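Residue numbers (the authors' numbering), protein chains in the order written: chain W, 11 to 127, 1001 to 1028; chain G, 1 to 267; chain F, 361 to 476; chain D, 361 to 476; chain V, 103 to 153; chain J, 8 to 50; chain C, 205 to 509.
To start, the structure under review is shown below, and the notes come after it.
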Amino acid sequence: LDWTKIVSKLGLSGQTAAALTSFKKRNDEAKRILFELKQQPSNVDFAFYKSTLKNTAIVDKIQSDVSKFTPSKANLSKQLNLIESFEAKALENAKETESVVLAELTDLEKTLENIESXXXXXXXXXXXXXXXXXXXXXXXXXXXX
Amino acid sequence: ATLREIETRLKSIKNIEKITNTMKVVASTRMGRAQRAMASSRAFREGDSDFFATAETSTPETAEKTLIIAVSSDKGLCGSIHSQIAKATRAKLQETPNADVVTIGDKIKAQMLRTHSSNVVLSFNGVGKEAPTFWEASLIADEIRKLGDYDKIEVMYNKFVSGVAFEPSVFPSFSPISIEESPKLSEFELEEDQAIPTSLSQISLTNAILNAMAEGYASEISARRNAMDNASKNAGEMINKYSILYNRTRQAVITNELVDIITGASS
Amino acid sequence: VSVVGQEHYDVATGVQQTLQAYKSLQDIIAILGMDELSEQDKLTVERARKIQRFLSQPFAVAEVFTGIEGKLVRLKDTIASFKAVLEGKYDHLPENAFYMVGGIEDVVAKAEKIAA
Amino acid sequence: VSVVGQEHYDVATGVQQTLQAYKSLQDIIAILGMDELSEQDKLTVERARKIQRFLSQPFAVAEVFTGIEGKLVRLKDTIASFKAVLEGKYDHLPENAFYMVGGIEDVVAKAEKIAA
Amino acid sequence: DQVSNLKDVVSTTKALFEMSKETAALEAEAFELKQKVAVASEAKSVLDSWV
Amino acid sequence: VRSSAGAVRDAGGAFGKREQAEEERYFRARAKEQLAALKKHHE
Amino acid sequence: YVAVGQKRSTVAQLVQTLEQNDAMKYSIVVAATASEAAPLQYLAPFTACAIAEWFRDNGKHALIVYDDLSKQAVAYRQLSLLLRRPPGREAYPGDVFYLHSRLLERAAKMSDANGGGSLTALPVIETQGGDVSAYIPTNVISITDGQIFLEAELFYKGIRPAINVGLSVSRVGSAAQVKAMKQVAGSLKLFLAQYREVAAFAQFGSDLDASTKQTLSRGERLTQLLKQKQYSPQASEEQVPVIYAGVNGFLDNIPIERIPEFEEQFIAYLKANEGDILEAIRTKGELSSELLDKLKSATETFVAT
């Protein structure tokens, strides 16, 4: 139950504010409807309805049909629109971090360990760190654009 | 509306009438001493600032917004003293809302914060108790957070046009860059090597602040005397109406108490 | 709120709360004056005077004593006119434009004729 | 002064004069404010508020309504604590250190614990 | 920020399928409870009027 | 009437409630300055 | 319920609302309208107290409601004036204070040797313009163990019910309350007196006091959260969680208009997620060290949606 993490789960764009507010309102209304309603069928007091009705065999026939089965507004799991989009979202957003965020962590560790170290050998290692820092600066401007 | 409730309301209204009448008599004695300081400040404003009238000193284009200074007091019970000072500064800030405001009182800073809270750049408290002097005006002019880097510098105050009413006037203050760019500024023999342009604007800031504080204190003291006289007159009318209701309630209480003892003794 | 609705119940509680604050502070406005109040008390005193005169409508039987026509405001028009004046939509109008009128339609027509 | 002594008679007359003078000065503060008070009127208003709260002690039978424990002050400790506060020995202490306390020993312990 | 986006996108993708299943389960329980209460209220109102 | 010694606070109206609120507000501001000065001069 | 002095439409409307909410099966209704004789309305307090005394003497608890006490005093003076008797004060009988004190003294809590029962008395006093210094108003307030003052100023603004914290008090103290509500709201009686003096300072023009900003904002949210609607009673488990979030400062960051929606959302989340904390406050009736740490952590995480 991520409360503070679900509000900041999106990126820098504010286009996901309408989709996140509609999903949170639908989940709260569905849980409140199940708690406000009774978690049972019905009483159906046939002991005081069959002997009090004017017509003979009136309340006895209606009590047997209501306690059997009837139709209800329900659906099946055939239209799995959210299940099909879950695999495509993880393969484009979550799977992109396995090659973009992983390459940035390996390049930052190699540049920090080389720029901090004697003369000609240290200058050669600093050249590779300078090239990685220049590429990181261009990637930082592209991430904000 | 009983006998105990009418006696507590009549006794509390009588104490407020004596405090309002004593405050009006004390305001008249303070107005006589304040009249000498206001008359002396008017003669100094026409002699020290006489060089600006003969040289035609005026401003032109705006240089990084401007600067406003609302001179008032920190206490109340003065009628429409704080309402007239806040209404005059809000009308002139419509054409230039990017200018800063320097409130010189608790009454002017409370009304300006409800309309333009971001325009308040300086707040000065403790100036409405005693009378103004040259030491209070010279200390606020040197610590105004760069007061010489503005094109126009207005001083909002209350000018006492009569001895009963007043009006909110305004006086502009030129900077060092506008004093040397006048028309007839080179008519007098001034030393260009020493401080002549910067010394004219620094001396005019303390003189204009002392004249505005002296005129604002006399107008606030005159307005407080009119409000105290109106409060004492309104308390006398309420005490007369409460005395008529207390007299009728006292006669009705004696008749109701005597009717209860006469009914039980006759049965 | 179970008979008149949630919209009519909130307008009745807001109009009664503004009139109770101005009546309790009548001892300072009649002695010291209206300038002794603060910023929040000054706006509540002006809205309470206009709400008291707007509820007084001229009846049809009292046309010979008042001179104006009879106004019969409905239940839905009276709830919408009181909620708009308490929110700040009619604060620029005068206090005499709502005295002896109807709903929100008669208050806007009386203010335009008096300013011409 | 012939039953309680000359020292106890001056403490009872000094506490009654300071409490009676605070009622007349409070009426002027409700209309004019604290600006009309001088140096002697400002110190008398602060000493009258601390003397009224120091005389209220927590009873032993009223422990279910107050919460604190019951304190019992003697006759010699009550006369020594009232004479020191009227001279100027406890002017730097706050008004909450004497409220619901005992004698002079409980007022000094409550001021150091509230500042930490 | 990029590493935190991987765990957030993986959690939001699984929550989308559970939110659609929770709305269908709540609508089925509300429809069955309203249909059963309507049959019980209609039989009780007819029995109270006849008695 | 006579005996107006403390008739403002004894009424309990508009002037009586404003006098108690003005004295409580001034005593609350002075208690914060006295408690802060005693903590810095405890040793 | 002993409806004495009411009309015929008021007694029929109150009995119909209790039967629809499953509450008239264990409640005695004493019908005593004003259209009957003066002897029937005056003896309505003594007849209703005899029926409720049978349960307190056996081992059960009773609750009598004498509505109203002002109507019973007018009915006793009408029958005494027609029997050729001398009147007293305000055209009433001599034993006016003894008639109301004798009927209220019988509703007391018995000991363990008498059965262990008790009888609660709820007498309503109808005032005239808030004048509590009358003859029938001062006599009933000095015989009962506390009174609930209902002012007409706060009732019209929307604060229902208008219960003055500075006027209404209880003589029993904290002994007649539960241990769960007394722990989370131990300073509820002291916060009402401090917030009343700070609320009047906002109308004077003072905008300083940074230390008093937390107490003034928490006082306005605590008064709106305690105001409930009609026919909407709360239990001890739902009132202990609402009083702990308003006294600890957790409701100071919320808005004033969202105080009504925050009460329904906090009670619904505690019944489906952390249901073990709500059942422990109702069964045990108190909160130890483990119950105080679990209630503070759940209230802080629920404030951010």
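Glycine is no exception: its CB is placed at the ideal position from the N, C-alpha and C atoms.
By the CB criterion at 9 Å, residue 22 of chain J and residue 391 of chain D fall inside the cutoff. Under the 8 Å Cβ criterion, the region 378-398 of chain F does not count as touching the region 256-263 of chain G, having fewer than three qualifying pairs. Per the C-alpha coordinates, the member of D/383, D/431, D/422 and D/370 positioned closest to residue 440 of chain D is D/370. When DSSP states are grouped into helix, strand and coil, residue 171 of chain G belongs to the strand group. For residue 358 of chain C, the closest C-alpha among the options F/378, F/409, F/476 and F/416 is that of F/378.
For the C-beta of residue 387 of chain F, the chain J residues within less than 7 Å are, from N- to C-terminus, 20, 21 and 22.
Within the region 223-235 of chain G, those residues whose Cβ lies closer than 9 Å to any Cβ of chain F are, in chain order, 227, 230, 231, 234 and 235. Inclusion of residue 142 of chain V and residue 76 of chain W in the CB contact set at 9 Å is warranted, their separation being smaller than that value. In the three-state reduction of the DSSP assignment, residue 459 of chain D falls in the coil class. Contact between residue 417 of chain D and residue 433 of chain D holds, with the beta-carbon distance rounding to 6 Å and staying under 8 Å. Interface residue (Cβ-Cβ distance to chain F less than 9 Å): residue 16 of chain J is not classified as such. Taking the Cβ atoms as the reference, residue 431 of chain F lies roughly 4 Å from residue 462 of chain F, within the contact range of under 8 Å. Contacts between residue 425 of chain D and chain C, judged by CB atoms closer than 7 Å, involve 377 in chain order. Residue 77 of chain G reaches chain F at 392 and 396, counting residues in chain order whose Cβ is nearer than 8 Å. Contact note: residue 416 of chain F does not reach chain J at a C-beta cutoff of 7 Å; the least C-beta distance is about 26 Å. Rounded to the nearest angstrom, the Cβ distance from residue 138 of chain G to residue 206 of chain G is 5 Å, consistent with a contact under 8 Å. Chain-ordered, the chain D residues with CB closer than 8 Å to the CB of residue 26 of chain J read 386, 387, 389 and 390. Residue environment: residue 276 of chain C is assigned as buried (16 or more neighbouring CB atoms within 10 Å of its CB, all protein chains considered). Between the region 334-346 of chain C and the region 318-325 of chain C there are fewer than three C-beta pairs closer than 8 Å, too few to call the two in contact.
As computed with DSSP, residue 122 of chain G is found in a beta bridge with G/102.
Each of C/405, C/262 and C/464 was checked against the Cα of residue 433 of chain C, and the nearest Cα belongs to C/464. Rounded to whole angstroms, the Cβ separation of residue 204 of chain G and residue 49 of chain G is 7 Å, and the two are in contact under 8 Å. Taking 9 Å as the cut-off, the Cβ atoms of residue 32 of chain J and residue 259 of chain C do not count as close. At a cut-off of 9 Å between beta carbons, residue 244 of chain G makes no contact with chain J. Around the beta carbon of residue 293 of chain C, fewer than 16 other beta carbons lie within 10 angstroms, which makes this residue exposed. Our two residues, residue 64 of chain G and residue 166 of chain G, have alpha carbons roughly 33 Å apart in a direct line. In this structure, residue 360 of chain C sits away from residue 386 of chain F, with a CB-CB distance that is not shorter than 9 Å. Interface annotation for the region 456-477 of chain C against chain W: 472, 475 and 476, criterion Cβ-Cβ distance under 7 Å. The CB of residue 293 of chain C comes closer than 7 Å to the CB of 260 in chain G, given here in chain order. Residue 138 of chain V counts as buried, since at least 16 other C-beta atoms from the protein chains shown sit within 10 angstroms of its C-beta. Comparing alpha-carbon positions, the option among F/475, F/446 and F/397 lying closest to residue 375 of chain F turns out to be F/446.
The beta-carbon of residue 15 of chain G is placed less than 9 Å from the nearest beta-carbon of chain D. DSSP places residue 349 of chain C outside any alpha helix (DSSP H), giving it a letter other than H or E.
From the beta-carbon of residue 47 of chain J, no residue of chain C is found nearer than 9 Å; the closest lies around 17 Å away.
Cβ proximity to chain G below 9 Å picks out 285, 288, 289, 290, 291, 292, 293, 294 and 295 from the region 264-295 of chain C. DSSP places residue 151 of chain G outside both helix and strand once states are collapsed to three, so it counts as coil.
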